[PDB]
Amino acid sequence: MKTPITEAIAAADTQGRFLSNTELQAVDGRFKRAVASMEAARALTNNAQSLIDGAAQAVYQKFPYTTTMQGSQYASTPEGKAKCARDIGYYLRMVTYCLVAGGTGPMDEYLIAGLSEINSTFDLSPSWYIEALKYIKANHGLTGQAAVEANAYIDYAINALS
């Protein structure tokens, strides 16, 4: 899984070398940033439920046809709404994992690989998930470098959907 630490190792291992000062500075960079990241991850975790509920509604507000149109891809049944909330929580959970690991690795492996095949197959519109993600970004309530951290990974998901 891609983190600043496994990247530092992969680099050395690829060239058959011991770790150097080049790579140790990279990992120190990660340790110092971890304070801002963990703050972000904790706050997003503690406020998870309200952020998911708020985000789903933001989506239903923007795309009202998702609550009315017949079809299993839409949220016009209890089952559809529950699947939508589930997916949005998956997105949020992946962001907290990135924050904890200090890189895109968790999202890359568990969500982004295969994403466009999934959305294409089940007729899920990327713009639904972008709207959900923009809501979380506007309303997470973090400031300073904790916000920078959380926003970096949220925007990473957005570019993956764009």
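Counting begins at 1, following the sequence as shown.
The stretch 65-73 shows the higher mean C-alpha B-factor when 119-127 is compared against 65-73 in the entry. Annotation for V100: C-alpha temperature factor in the middle third relative to the rest of the modelled chain, per the entry.
Remark: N151 belongs to the lowest third of its chain, ranked by C-alpha B-factor as recorded. Sort the chain's modelled residues by C-alpha temperature factor and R42 lands in the middle third, per the entry. Residue-level temperature factors show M1 in the highest third of its chain, judged at the C-alpha atom. Annotation for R93: CA B-factor lies in the lowest third of the chain's modelled residues.
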